[PDB]
Amino acid sequence: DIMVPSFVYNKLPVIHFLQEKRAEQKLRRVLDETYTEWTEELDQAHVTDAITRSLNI
Amino acid sequence: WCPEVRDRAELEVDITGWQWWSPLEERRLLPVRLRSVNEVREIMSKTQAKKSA
Amino acid sequence: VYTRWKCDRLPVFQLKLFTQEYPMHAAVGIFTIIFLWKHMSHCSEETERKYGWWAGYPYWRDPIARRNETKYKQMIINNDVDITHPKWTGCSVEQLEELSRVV
Amino acid sequence: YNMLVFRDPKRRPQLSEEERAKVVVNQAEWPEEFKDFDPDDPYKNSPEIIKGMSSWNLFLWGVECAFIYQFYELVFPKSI
Amino acid sequence: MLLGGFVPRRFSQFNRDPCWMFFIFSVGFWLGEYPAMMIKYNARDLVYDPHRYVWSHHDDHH
Amino acid sequence: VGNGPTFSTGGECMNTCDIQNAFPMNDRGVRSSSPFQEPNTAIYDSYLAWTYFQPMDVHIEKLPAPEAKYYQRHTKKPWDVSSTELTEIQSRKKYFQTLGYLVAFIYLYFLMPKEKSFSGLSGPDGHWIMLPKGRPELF
Amino acid sequence: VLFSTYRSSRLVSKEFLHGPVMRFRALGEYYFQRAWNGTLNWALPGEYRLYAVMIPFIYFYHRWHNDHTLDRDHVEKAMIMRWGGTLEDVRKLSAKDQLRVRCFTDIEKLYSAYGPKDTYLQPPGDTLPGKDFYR
Amino acid sequence: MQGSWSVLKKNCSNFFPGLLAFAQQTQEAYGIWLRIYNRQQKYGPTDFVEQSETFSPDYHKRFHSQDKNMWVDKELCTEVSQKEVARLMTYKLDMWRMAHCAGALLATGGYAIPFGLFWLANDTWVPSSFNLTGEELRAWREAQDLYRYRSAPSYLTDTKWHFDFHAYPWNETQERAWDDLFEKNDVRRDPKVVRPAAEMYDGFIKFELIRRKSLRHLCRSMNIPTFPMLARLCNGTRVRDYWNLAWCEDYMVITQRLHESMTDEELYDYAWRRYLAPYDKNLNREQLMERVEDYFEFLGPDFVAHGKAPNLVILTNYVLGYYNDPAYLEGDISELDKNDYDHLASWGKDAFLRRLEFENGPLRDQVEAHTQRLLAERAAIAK
Ligand SMILES: CCCCCCCCCCCCCCCCCC(=O)OC[C@H](COP(=O)([O-])OCC(O)COP(=O)([O-])OC[C@@H](COC(=O)CCCCCCCCCCCCCCCCC)OC(=O)CCCCCCCCCCCCCCCCC)OC(=O)CCCCCCCCCCCCCCCCC
Ligand SMILES: CCCCCCCCCCCCCCCCCC(=O)OC[C@H](COP(=O)([O-])OCC(O)COP(=O)([O-])OC[C@@H](COC(=O)CCCCCCCCCCCCCCCCC)OC(=O)CCCCCCCCCCCCCCCCC)OC(=O)CCCCCCCCCCCCCCCCC
Ligand SMILES: CCCCCCCCCCCCCCCCCC(=O)OC[C@H](COP(=O)([O-])OCC(O)COP(=O)([O-])OC[C@@H](COC(=O)CCCCCCCCCCCCCCCCC)OC(=O)CCCCCCCCCCCCCCCCC)OC(=O)CCCCCCCCCCCCCCCCC
Ligand SMILES: CCCCCCCCCCCCCCCCCC(=O)OC[C@H](COP(=O)([O-])OCC(O)COP(=O)([O-])OC[C@@H](COC(=O)CCCCCCCCCCCCCCCCC)OC(=O)CCCCCCCCCCCCCCCCC)OC(=O)CCCCCCCCCCCCCCCCC
Ligand SMILES: CCCCCCCCCCCCCCCCCC(=O)OC[C@H](COP(=O)([O-])OCC(O)COP(=O)([O-])OC[C@@H](COC(=O)CCCCCCCCCCCCCCCCC)OC(=O)CCCCCCCCCCCCCCCCC)OC(=O)CCCCCCCCCCCCCCCCC
Ligand SMILES: CCCCCCCCCCCCCCCCCC(=O)OC[C@H](COP(=O)([O-])OCC[N+](C)(C)C)OC(=O)CCCCCCCCCCCCCCCCC
Ligand SMILES: CCCCCCCC/C=C/CCCCCCCC(=O)OC[C@H](COP(=O)(O)OCCN)OC(=O)CCCCCCC/C=C/CCCCCCCC
Ligand SMILES: CCCCCCCCCCCCO[C@@H]1O[C@H](CO)[C@@H](O[C@H]2O[C@H](CO)[C@@H](O)[C@H](O)[C@H]2O)[C@H](O)[C@H]1O
């Protein structure tokens, strides 16, 4: 009725702070893993060159 | 309305964890904070370089 | 989530506390209780007269004698004890009658 | 100040001198209970709990109760 | 722990809080019971018990 | 503003406690008395210093109510008792205990006589118990 | 199966005696649930007014008990021993006489170890009754 | 789970059929254990067979060493099949509870009957053989899962709190592993991220140094009877035997890929015996396979290569983390619009409360300025 309640009350703030920090850490890790992938596609000039070769030019 | 804090505190006290201070975990988590935009740019550049390598 | 102190009722928590948290202390306490009631649970009439009364023993009414008288009367009446038996008096009934006629 | 071992708490200043000097005091907005507020006597204008009941009156009430406690048996003695 | 609370500045302020009103009443009782004992136990008509030598606690505890 | 209490402090000053980092610091440099953000926290200096927060009327931009799906967790168990329910139970129990203790205190200090009086006008002188009954062979 | 081991098995409704309980909790919380009411190991509170109220009350009821239940035994013993050795002998006196005797007992209490010793030591040649008066 | 009259009727009706089934299972399990024991004694390492002694460095108390006193029989498939091992494990649990009940009966004579009535009214400590139909078995499994839910969080909190209060991780990867190990079951933990915690804790507390209270919590979470607990080397022996059998079966399954061919119900049972899949979660085959594969990955390549599993304390915490449900939150957010201290409104504010409101209210700056100016003037006048 008295002792364990008081010590739980004492515990509450530090646990709240640590869990807030943990959530911020999770969000930070989520953000840090984001990279824009630029893709590379076959240049059309080689297609234009193969087209010309096929013509026997 | 903050169930996680409640459950952790109750469990810690019930298993003889009376102390209310956690210096080591705080030391691990104290400097945590959301990064600035410039820091995000630097980290993204590092990740792009790593992926290219 | 489950905790003994928050979820269990008081008797259950008491048993758990003194069986899986402080069993040795409970054992020692029970040992000491047995010792106390085995060796420190008696007081003679003289001890009561010397120290057993707040302001002192009231000899002018002698409550200890009245208490013992009630005790012995109750025992005699309930157990049907013949206090005139030779073992209690050390003499035969006829000798007792002779003594009564003499005195 | 103190009343025996009971010391009156004092609020710590939070403003710096520069910021404090720029504060404009307007006691017209203050409650009537706290005007000309003095840290050494903050309850000078505080209302009485019971109108007309002075501290001396309560002290005297206790004194009279003590006198009754000691003198009632002198006027209405009772047998053992 | 004596951290804070209402503290009257002087006697006249004890009537500004019910708890201190009760306190000053109790102080009145405490201090006023002594004058009453002075008057009662130093009275002219107070007489020692004639039978005070018949019995005393000193002989009882001895 | 009301007269209600706030998050308990234990009479401690959060600017010098061992867990001070857990208490947010405001612009004025006074750490909060609670995990919450407090704008008007102060420190009072008796024999010992202590932090105090005065409730006040302040408007905060209220984010709209979310859906129940994203904050409700239906993991309740038969043994589980919420803090609100525990407070209710303990309040009722302590109310009845207080009444009982009050009656006990009144009887003990104003009605119960002390045992073994010299005059015999008040209190019992004691008596014997567990005496044999219906056992003639015992004597 | 007969009785539950869990506190969650309620025996009454949530609203049973809500009003009186709330008044009781209001009485408890108003002075105690405050920042400056920091206790020392739950026994010594920080609020001054708690001391100011509880010290007098504790003293008052303890003193009433002592005066009317504990010291009364010594007073009655003195009355009985000095005036016959029996309760009926004391009751043969009037209320005024008993008042005088009891107040003399109070005098003896207040002297204790510093008062004159003629209150219990009979000087030689004194004409008052001695210890063998009633024997 | 709490006792009920319906369960009491169920167990009283199936009492004697249950006992007969338990006896038959006892014969079968004795045969299986005899095969396994003969193989262990014949082909086991010298330390394992001789029961080498490992003492703690502080009080020199013997306890089972995971490296020396546990041995994975890689070639057990020749003599004993996977199903037989599962049967033996289930029988070991049932036999432990039955043995405790029989011991109580022998100790207290006929005075245990009312306690037997309390016993049959709950499925927590009755054997699985007492259920003769699917619904009864489902209720029994629900009771077991409820006990696991009740007991596991205390074990996890004990481990985490003691370590965090008395030690910290060495490097960032260990920090991430330790933090992610104790996440609630609503999120998926990556075994590769969490594995380093095993070595980190091996530095702190190996299975040979496990404390008696932590052992009691673990045995509660594993549905192992704990009364009378006695010395920690009895229930510790039970834990070691159970997980040694589990690791033998795990090696068999991993090597032979039996889980892929394993049917849905058998797969669910396999996960359940590893404390990975509660039945109340109503998991499908995809989720069960995901959890089983995560368990195998947590065991790691070294398990197959050398039969060495990670630290048993951390392994138990990892698997029991699936019974660490999110903290319950019931009630609409509108309930936050109410007030908690309306019953105090009638009392108002006393002089001290009014002073505090005045000094620390919106006019606090003006009061501070006035007070400081007055004090400065008085100090100047004094000088
Ligand atoms: C779904 C149903 C809905 C129904 C809706 C109904 C709504 C309408 C109301 C219904 C009617 C009222 C119901 C009852 C209300 C009771 C009061 C109340 O509300 O309390 C709050 C609360 C309400 O319930 P809840 O909050 O919903 O749920 C409770 C929790 O679940 C669990 O609680 P917990 O475990 O946390 O705590 C329980 C208990 C801890 O548990 C126990 O105590 C239970 C076990 C106690 C055993 C004690 C006896 C042991 C004896 C030795 C063993 C003997 C063995 C014999 C074997 C056989 C021999 C042949 O805690 C306490 O002890 C603290 C509280 C104590 C209360 C104060 C009691 C004194 C008040 C006095 C006031 C009056 C003063 C005098 C006035 C005079 C005026 C002139 O009730 C309790 O806490 C229960 C208290 C029970 C105490 C029992 C004590 C018994 C003592 C006397 C025994 C006499 C024996 C005689 C033998 C003779 C032989 C010759
Ligand atoms: C009539 C007089 C009675 C005396 C008073 C008794 C008072 C009650 C105390 C308890 C008595 C025992 C109760 C029955 C237990 C069931 C049998 C048994 O051992 O189960 C195996 C099981 C073994 O447990 P474990 O942890 O796996 O053992 C690790 C070993 O490494 C396991 O070795 P492993 O890993 O190599 O695997 C071997 C396993 C492999 O086997 C299998 O896998 C097949 C299954 C075999 C076991 C089946 C057990 C079935 C249990 C249920 C029975 C049905 C109940 C039906 C109930 C309803 C009836 C209507 O086979 C075993 O379990 C063999 C274990 C060793 C044999 C133990 C028996 C020795 C005593 C009997 C001989 C006495 C001869 C007297 C000669 C007199 C000369 C003057 O026993 C237990 O669960 C332990 C008992 C749990 C309760 C403990 C209570 C405290 C005990 C303190 C005793 C202190 C000394 C006595 C004085 C006390 C004064 C305060
Ligand atoms: C036919 C059947 C088949 C054949 C037989 C087969 C064999 C059967 C036997 C084996 C069965 C094993 C499994 C049993 C499981 C069930 C155990 C159990 O009890 O569960 C709780 C069980 C309910 O279980 P559940 O609802 O299923 O919940 C289970 C959960 O999982 C909750 O689980 P949990 O883990 O939370 O609960 C555990 C809890 C278990 O405990 C409890 O739950 C406590 C139960 C009692 C609570 C009582 C509350 C009510 C009190 C009322 C007081 C009186 C009121 C007024 C009455 C007025 C009457 C006029 O705590 C403990 O485990 C503590 C253990 C403590 C051990 C103590 C050891 C002491 C050793 C001493 C020191 C030695 C040192 C060495 C010295 C060496 C020297 C050389 O509790 C009850 O049902 C309560 C029954 C209350 C009965 C009425 C009150 C007492 C009546 C006494 C009458 C006396 C008459 C004679 C008087 C004569 C006067 C002269
Ligand atoms: C607010 C006021 C309310 C009222 C308050 C009441 C007043 C209380 C005041 C004082 C209370 C504290 C006293 C503490 C004393 C010191 C304790 C201590 O040193 O403990 C050391 C230590 C601590 O225990 P632990 O094993 O470490 O774990 C305890 C945890 O609670 C284990 O927890 P766990 O979570 O690990 O396990 C949970 C679960 C786990 O579940 C299981 O393990 C499965 C089920 C297991 C069933 C039991 C298996 C037993 C196997 C054999 C045991 C050895 C037998 C030895 C020979 C027999 C000796 C008689 O276990 C259970 O549920 C256990 C169920 C037990 C139910 C019985 C509890 C007592 C209720 C009262 C019934 C008796 C009343 C008699 C008096 C009245 C007569 C008219 O105890 C032991 O080593 C256990 C030895 C057991 C020896 C047998 C009992 C000896 C005592 C004499 C029995 C007399 C029987 C009379 C029959 C009727 C005659 C007419
Ligand atoms: C209602 C019934 C009442 C019953 C009363 C009787 C007492 C209770 C009975 C039993 C109760 C159940 C639970 C008991 C405790 C359980 C302990 C436990 O969990 O052990 C697990 C453990 C199993 O684990 P493990 O891994 O297999 O082996 C342990 C590891 O080695 C562990 O490895 P470690 O690294 O820990 O190694 C250390 C380990 C190494 O030890 C062991 O573990 C080995 C087993 C113990 C060996 C003990 C014998 C040592 C050599 C004795 C030499 C004596 C020579 C004297 C010659 C005299 C010539 C004139 O421990 C020691 O070093 C301790 C040594 C013992 C020191 C004794 C000091 C006593 C000082 C005396 C002071 C003065 C007293 C008063 C004055 C007297 C004179 C005027 O069990 C055992 O090892 C054996 C357990 C035996 C249990 C006791 C059996 C009771 C039988 C009772 C028969 C009599 C009944 C009378 C009834 C009367 C009417 C009612
Ligand atoms: C005016 C005079 C003033 C004198 C003041 C003197 C000091 C008094 C101080 C009192 C307060 C402090 C007390 C502290 C505690 C003291 C403890 C103490 O010495 O008690 C010893 C005493 C010794 O008991 P005992 O006195 O009955 O000894 C019996 C010995 N014979 C039969 C030879 C006479 O302990 C008890 O009283 C408790 C006994 C019961 C509990 C223990 C039972 C188990 C015993 C185990 C061994 C024997 C059985 C075999 C093994 C078990 C088999 C199941
Ligand atoms: C188990 C009994 C078997 C024999 C049948 C006896 C029937 C006697 C008639 C009873 C009529 C009144 C019943 C009232 C409802 C009782 C409900 C009950 O048991 O509640 C227990 C409840 C405690 O509740 P919790 O611990 O929170 O947990 C409950 C849920 N798990 O206990 C109470 O509040 C006390 C209620 C006492 C009711 C009266 C019980 C009388 C039992 C008598 C048994 C002996 C035989 C009687 C024969 C009578 C022949 C005419
Ligand atoms: C009341 C007591 C109750 C006891 C209950 C438990 C009984 C268990 C009995 C198990 C019997 C096993 O039987 C035993 O097995 C071992 C191990 O394979 C055999 O052991 C044999 O092979 C091993 C291994 O190569 C050799 O080290 C050993 O020298 C040789 O004898 C024994 O020859 C056989 O007798």
# chains A, B, ... in the order shown; residues from 1 in each chain; ligands from 1
>>> interface_residues(of="chain G", to="chain D", cutoff="8 Å", atoms="only C-alpha atoms", output="PyMOL selection string")
chain G and resi 48+76+90-91+94-96+98-99
>>> interface_residues(of="chain F", to="chain C", cutoff="7 Å", atoms="only C-alpha atoms", output="list in words")
residues 79, 80, 81, 116, 118, 125, 127, 128, 131, 132, 133, 134, 135, 136 and 139 of chain F
>>> write_last_selection(atoms="N, CA and C atoms", output="compact mmCIF listing (two decimals), in the first residue's frame")
# COMPACT_ATOMS: atom_id res chain seq x y z
N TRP F 79 -5.80 -11.33 -14.70
CA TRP F 79 -5.11 -10.84 -13.51
C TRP F 79 -4.90 -9.33 -13.55
N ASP F 80 -5.03 -8.71 -14.72
CA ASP F 80 -4.68 -7.30 -14.85
C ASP F 80 -5.69 -6.43 -14.13
N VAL F 81 -5.18 -5.46 -13.37
CA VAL F 81 -5.98 -4.43 -12.73
C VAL F 81 -5.35 -3.09 -13.05
N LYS F 116 -6.57 -4.99 36.03
CA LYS F 116 -5.90 -5.14 37.32
C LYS F 116 -5.78 -3.79 38.04
N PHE F 118 -6.19 -1.36 41.34
CA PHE F 118 -5.98 -1.53 42.77
C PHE F 118 -7.30 -1.55 43.52
N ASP F 125 -9.47 -8.63 36.65
CA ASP F 125 -8.33 -9.10 37.41
C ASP F 125 -7.71 -10.36 36.83
N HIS F 127 -8.43 -14.36 34.81
CA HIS F 127 -9.06 -15.62 35.18
C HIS F 127 -8.43 -16.74 34.37
N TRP F 128 -8.64 -17.96 34.85
CA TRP F 128 -8.08 -19.15 34.24
C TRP F 128 -8.99 -19.68 33.14
N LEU F 131 -9.71 -25.01 31.55
CA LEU F 131 -9.81 -25.93 32.66
C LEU F 131 -10.51 -27.21 32.22
N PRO F 132 -10.13 -28.35 32.79
CA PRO F 132 -10.77 -29.61 32.40
C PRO F 132 -12.23 -29.65 32.81
N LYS F 133 -13.02 -30.37 32.03
CA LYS F 133 -14.45 -30.52 32.29
C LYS F 133 -14.88 -31.92 31.92
N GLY F 134 -15.61 -32.57 32.82
CA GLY F 134 -16.09 -33.92 32.58
C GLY F 134 -15.00 -34.95 32.48
N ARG F 135 -13.96 -34.84 33.30
CA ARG F 135 -12.84 -35.78 33.31
C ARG F 135 -12.53 -36.17 34.74
N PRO F 136 -13.41 -36.95 35.37
CA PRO F 136 -13.17 -37.35 36.77
C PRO F 136 -11.88 -38.12 36.95
N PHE F 139 -8.44 -36.51 38.18
CA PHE F 139 -8.11 -36.24 39.57
C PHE F 139 -8.29 -37.50 40.42
>>> residues_near_ligand(ligand="ligand 6", cutoff="8 Å", atoms="only C-alpha atoms and all ligand atoms", output="list in words")
residues 31, 32, 34, 35, 36, 38, 39 and 40 of chain C
>>> write_last_selection(atoms="N, CA, C and O atoms", output="mmCIF file, in the first residue's frame")
data_model
loop_
_atom_site.group_PDB
_atom_site.id
_atom_site.type_symbol
_atom_site.label_atom_id
_atom_site.label_comp_id
_atom_site.auth_asym_id
_atom_site.auth_seq_id
_atom_site.Cartn_x
_atom_site.Cartn_y
_atom_site.Cartn_z
ATOM 1 N N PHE C 31 10.857 -19.913 14.926
ATOM 2 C CA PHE C 31 11.719 -20.529 15.927
ATOM 3 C C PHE C 31 11.727 -19.715 17.216
ATOM 4 O O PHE C 31 11.563 -20.260 18.315
ATOM 5 N N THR C 32 11.900 -18.401 17.094
ATOM 6 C CA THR C 32 11.961 -17.548 18.274
ATOM 7 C C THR C 32 10.619 -17.499 18.993
ATOM 8 O O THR C 32 10.571 -17.456 20.226
ATOM 9 N N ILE C 34 8.393 -19.915 19.119
ATOM 10 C CA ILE C 34 8.270 -21.173 19.844
ATOM 11 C C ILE C 34 9.110 -21.135 21.109
ATOM 12 O O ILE C 34 8.665 -21.555 22.183
ATOM 13 N N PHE C 35 10.335 -20.623 21.006
ATOM 14 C CA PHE C 35 11.188 -20.527 22.184
ATOM 15 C C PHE C 35 10.557 -19.648 23.254
ATOM 16 O O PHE C 35 10.561 -19.996 24.441
ATOM 17 N N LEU C 36 10.010 -18.500 22.854
ATOM 18 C CA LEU C 36 9.429 -17.578 23.822
ATOM 19 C C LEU C 36 8.247 -18.206 24.542
ATOM 20 O O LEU C 36 8.127 -18.107 25.768
ATOM 21 N N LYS C 38 7.753 -21.306 24.930
ATOM 22 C CA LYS C 38 8.188 -22.502 25.634
ATOM 23 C C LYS C 38 8.936 -22.188 26.921
ATOM 24 O O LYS C 38 8.940 -23.015 27.839
ATOM 25 N N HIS C 39 9.567 -21.016 27.011
ATOM 26 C CA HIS C 39 10.400 -20.682 28.158
ATOM 27 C C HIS C 39 10.106 -19.331 28.792
ATOM 28 O O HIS C 39 10.684 -19.036 29.843
ATOM 29 N N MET C 40 9.246 -18.504 28.202
ATOM 30 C CA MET C 40 8.991 -17.160 28.710
ATOM 31 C C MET C 40 7.500 -16.864 28.721
ATOM 32 O O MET C 40 7.063 -15.780 28.323
#
>>> closest_atom_pairs(of="chain E", to="chain F", cutoff="8 Å", atoms="only C-alpha atoms", output="CSV")
residue,atom,partner,partner_atom,distance
E:2,CA,F:47,CA,7.5
E:3,CA,F:46,CA,5.8
E:4,CA,F:46,CA,6.6
>>> residues_near_ligand(ligand="ligand 1", cutoff="7 Å", atoms="only C-alpha atoms and all ligand atoms", output="number ranges by chain")
C: 8-11; F: 89, 92-94, 96-97, 99-100, 103; G: 6-13, 16
>>> write_last_selection(atoms="C-alpha atoms", output="tab-separated table (two decimals), in the first residue's frame")
chain	number	residue	atom	x	y	z
C	8	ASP	CA	-2.52	-10.89	-5.83
C	9	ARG	CA	-4.78	-10.51	-2.82
C	10	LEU	CA	-3.23	-9.74	0.55
C	11	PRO	CA	-3.10	-13.28	2.03
F	89	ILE	CA	-10.23	-0.28	-4.58
F	92	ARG	CA	-12.64	2.24	-0.48
F	93	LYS	CA	-10.48	-0.11	1.60
F	94	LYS	CA	-8.67	2.75	3.31
F	96	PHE	CA	-13.29	1.52	5.84
F	97	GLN	CA	-9.95	0.97	7.59
F	99	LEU	CA	-13.41	4.29	10.17
F	100	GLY	CA	-12.44	1.11	11.99
F	103	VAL	CA	-13.60	3.49	16.46
G	6	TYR	CA	-6.44	-12.13	-7.95
G	7	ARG	CA	-7.39	-8.69	-6.68
G	8	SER	CA	-9.27	-8.14	-9.96
G	9	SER	CA	-12.18	-10.32	-8.76
G	10	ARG	CA	-14.40	-7.50	-7.57
G	11	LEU	CA	-16.89	-7.98	-4.74
G	12	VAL	CA	-18.74	-4.65	-5.18
G	13	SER	CA	-19.57	-2.18	-7.92
G	16	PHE	CA	-20.33	1.80	-4.28
>>> interface_residues(of="chain A", to="chain G", cutoff="10 Å", atoms="only C-alpha atoms", output="JSON, numbers by chain")
{"A": [2, 3, 6]}
>>> residues_near_ligand(ligand="ligand 5", cutoff="7 Å", atoms="only C-alpha atoms and all ligand atoms", output="list in words")
residues 55, 60, 61, 62, 230, 231, 232, 233 and 234 of chain H
>>> write_last_selection(atoms="N, CA, C and O atoms", output="PDB file, in the first residue's frame")
ATOM      1  N   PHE H  55      32.374 -24.803 -11.335  1.00  0.00           N
ATOM      2  CA  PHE H  55      32.041 -24.039 -10.144  1.00  0.00           C
ATOM      3  C   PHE H  55      32.051 -22.547 -10.443  1.00  0.00           C
ATOM      4  O   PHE H  55      32.804 -22.065 -11.292  1.00  0.00           O
ATOM      5  N   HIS H  60      31.840 -20.734  -5.557  1.00  0.00           N
ATOM      6  CA  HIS H  60      32.273 -22.087  -5.893  1.00  0.00           C
ATOM      7  C   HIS H  60      31.126 -23.085  -5.759  1.00  0.00           C
ATOM      8  O   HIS H  60      31.253 -24.142  -5.138  1.00  0.00           O
ATOM      9  N   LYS H  61      29.992 -22.736  -6.355  1.00  0.00           N
ATOM     10  CA  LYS H  61      28.818 -23.596  -6.377  1.00  0.00           C
ATOM     11  C   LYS H  61      28.692 -24.230  -7.754  1.00  0.00           C
ATOM     12  O   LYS H  61      28.741 -23.533  -8.772  1.00  0.00           O
ATOM     13  N   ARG H  62      28.530 -25.549  -7.778  1.00  0.00           N
ATOM     14  CA  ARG H  62      28.479 -26.270  -9.040  1.00  0.00           C
ATOM     15  C   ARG H  62      27.162 -26.017  -9.757  1.00  0.00           C
ATOM     16  O   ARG H  62      26.105 -25.899  -9.131  1.00  0.00           O
ATOM     17  N   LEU H 230      13.564 -25.954  -4.010  1.00  0.00           N
ATOM     18  CA  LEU H 230      14.742 -26.612  -3.462  1.00  0.00           C
ATOM     19  C   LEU H 230      15.996 -25.938  -4.001  1.00  0.00           C
ATOM     20  O   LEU H 230      15.976 -24.742  -4.311  1.00  0.00           O
ATOM     21  N   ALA H 231      17.086 -26.687  -4.121  1.00  0.00           N
ATOM     22  CA  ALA H 231      18.304 -26.140  -4.693  1.00  0.00           C
ATOM     23  C   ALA H 231      18.114 -25.832  -6.172  1.00  0.00           C
ATOM     24  O   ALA H 231      17.315 -26.465  -6.868  1.00  0.00           O
ATOM     25  N   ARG H 232      18.863 -24.840  -6.649  1.00  0.00           N
ATOM     26  CA  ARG H 232      18.734 -24.378  -8.023  1.00  0.00           C
ATOM     27  C   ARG H 232      19.241 -25.392  -9.037  1.00  0.00           C
ATOM     28  O   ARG H 232      19.015 -25.205 -10.237  1.00  0.00           O
ATOM     29  N   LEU H 233      19.910 -26.448  -8.593  1.00  0.00           N
ATOM     30  CA  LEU H 233      20.474 -27.445  -9.488  1.00  0.00           C
ATOM     31  C   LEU H 233      19.506 -28.573  -9.808  1.00  0.00           C
ATOM     32  O   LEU H 233      19.893 -29.529 -10.486  1.00  0.00           O
ATOM     33  N   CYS H 234      18.264 -28.488  -9.337  1.00  0.00           N
ATOM     34  CA  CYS H 234      17.231 -29.456  -9.685  1.00  0.00           C
ATOM     35  C   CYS H 234      16.413 -28.977 -10.881  1.00  0.00           C
ATOM     36  O   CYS H 234      16.372 -29.632 -11.930  1.00  0.00           O
TER      37      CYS H 234
END
>>> interface_residues(of="chain A", to="chain F", cutoff="6 Å", atoms="only C-alpha atoms", output="VMD selection string")
chain A and resid 13 to 14 17
>>> write_last_selection(atoms="C-alpha atoms", output="PDB file, in the first residue's frame")
ATOM      1  CA  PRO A  13      10.182   9.776 -14.769  1.00  0.00           C
ATOM      2  CA  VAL A  14      13.458   8.088 -15.708  1.00  0.00           C
ATOM      3  CA  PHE A  17      12.686   9.758 -20.433  1.00  0.00           C
TER       4      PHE A  17
END
>>> select_by_dssp(residues="segment 9-49 of chain B", states="alpha helix (DSSP H)", output="list in words")
residues 9, 10, 11, 12, 13, 14, 23, 24, 25, 26, 27, 28, 29, 37, 38, 39, 40, 41, 42, 43, 44, 45, 46, 47, 48 and 49 of chain B
>>> atom_distance(atom1="atom CA of residue 348 of chain H", atom2="atom CA of residue 57 of chain F")
16.6 Å
>>> interface_residues(of="chain A", to="chain B", cutoff="7 Å", atoms="only C-alpha atoms", output="count of residues only")
16
